[PDB]
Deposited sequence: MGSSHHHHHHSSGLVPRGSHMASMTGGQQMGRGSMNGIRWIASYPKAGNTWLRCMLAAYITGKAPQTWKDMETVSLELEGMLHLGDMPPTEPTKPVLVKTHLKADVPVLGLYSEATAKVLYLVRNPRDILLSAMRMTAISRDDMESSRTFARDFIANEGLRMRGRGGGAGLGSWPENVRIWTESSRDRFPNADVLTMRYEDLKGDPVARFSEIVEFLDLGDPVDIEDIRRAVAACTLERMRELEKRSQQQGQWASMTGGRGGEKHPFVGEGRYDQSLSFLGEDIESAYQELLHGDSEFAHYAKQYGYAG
């Protein structure tokens, strides 16, 4: 559709933020200097809800909302009809794990938790990694019957940002035709250093944790679990 909700959905640390920076820069025309800047272009569902706020259930315009919640949580139900687009980002779960921790004893325990849970524990509306990936990539067209769905790997976005981001922008159908030079500008606006300034201005293998831990991950990764199923599917496992 043209009017309606665009979900930028993903498991935490799956590239969501970086994308929100690029979307902010592409649309506003200027590179975000703080997080507030990004809020101009896209909302955080969890943030809104934290304040008893929520996105428009009947939107007169395109609306970009980020969330990490599973698509089946009761709140998302409210937007069954109003949702026009679903963008889902996937990232290598290992990279999510490492990312989340950022004191060996402290980390290992965390790492252990992650492996035992196949993800993060917010909590239950977040689901495990495979849970979140499955629901969004497979059940979205059910939960949002007016929506087009697009799934992308963080890694792929990262390897060809101009190509992939233009695809994303095009998919989102924001009303104007995509201009590639804007795309490049937007990619450049959210460089690693830039993302670093954002953090600042707003304030491998698992071997180091121990081979015992790498081992445990590898078992999960190649085992018979749902986690192992979706990892393999997105080229994160053998």
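Student: Which parts of the deposited chain sequence are absent from the coordinates, listed in sequence order?
Tutor: Absent from the structure are positions 1 to 33, 136 to 142, 162 to 166, 249 to 274.
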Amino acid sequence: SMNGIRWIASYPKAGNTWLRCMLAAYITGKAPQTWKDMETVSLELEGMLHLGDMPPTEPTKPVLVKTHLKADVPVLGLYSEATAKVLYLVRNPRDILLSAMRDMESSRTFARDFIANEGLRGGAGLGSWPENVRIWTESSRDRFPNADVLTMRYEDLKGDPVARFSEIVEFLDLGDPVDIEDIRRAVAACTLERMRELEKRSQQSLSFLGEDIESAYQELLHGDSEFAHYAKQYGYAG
From here on, numbers count along this sequence of modelled residues.
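Student: Comparing average C-alpha B factors as deposited, tell me which of 209 to 217 and 183 to 191 sits higher.
Tutor: Mean CA B-factor is higher for 209 to 217.
Student: Compare the mean C-alpha B-factor of 53 to 61 with that of 166 to 174 as given in the PDB entry, and name the stretch with the higher value.
Tutor: The entry gives the higher C-alpha B-factor average to 53 to 61.
Student: Pick out which of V133, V149, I115, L76 has the highest C-alpha B-factor in the PDB entry.
Tutor: So the option with the highest C-alpha B-factor is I115.
Student: Per the PDB entry, which option out of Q204, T67, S42, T28 has the greatest Cα B factor?
Tutor: Within the set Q204, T67, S42, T28, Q204 shows the top C-alpha B-factor.
Student: Select lowest, middle or highest to describe the third in which the CA B-factor of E138 falls within its chain in this entry.
Tutor: Middle third - that is where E138 ends up once the chain's C-alpha B-factors are sorted.
Student: Please place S225 in the lowest, middle or highest third of its chain according to the CA B-factor in the PDB entry.
Tutor: It falls in the top third of the chain.
Student: Using the B-factors in the PDB entry, rank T83's C-alpha atom against the chain and give the third, lowest, middle or highest.
Tutor: Ranked within chain, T83 CA B lands in the middle tercile.
Student: Per the entry's values, where does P145 land by CA temperature factor relative to the rest of its chain, in the lowest, middle or highest third?
Tutor: Its C-alpha B-factor, which the entry lists for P145, ranks in the highest third among residues of this chain.
Student: Taking the C-alpha B-factors as the PDB entry records them, is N92 in the lowest, middle or highest third of its chain?
Tutor: Tercile = lowest for this residue's CA B-factor.
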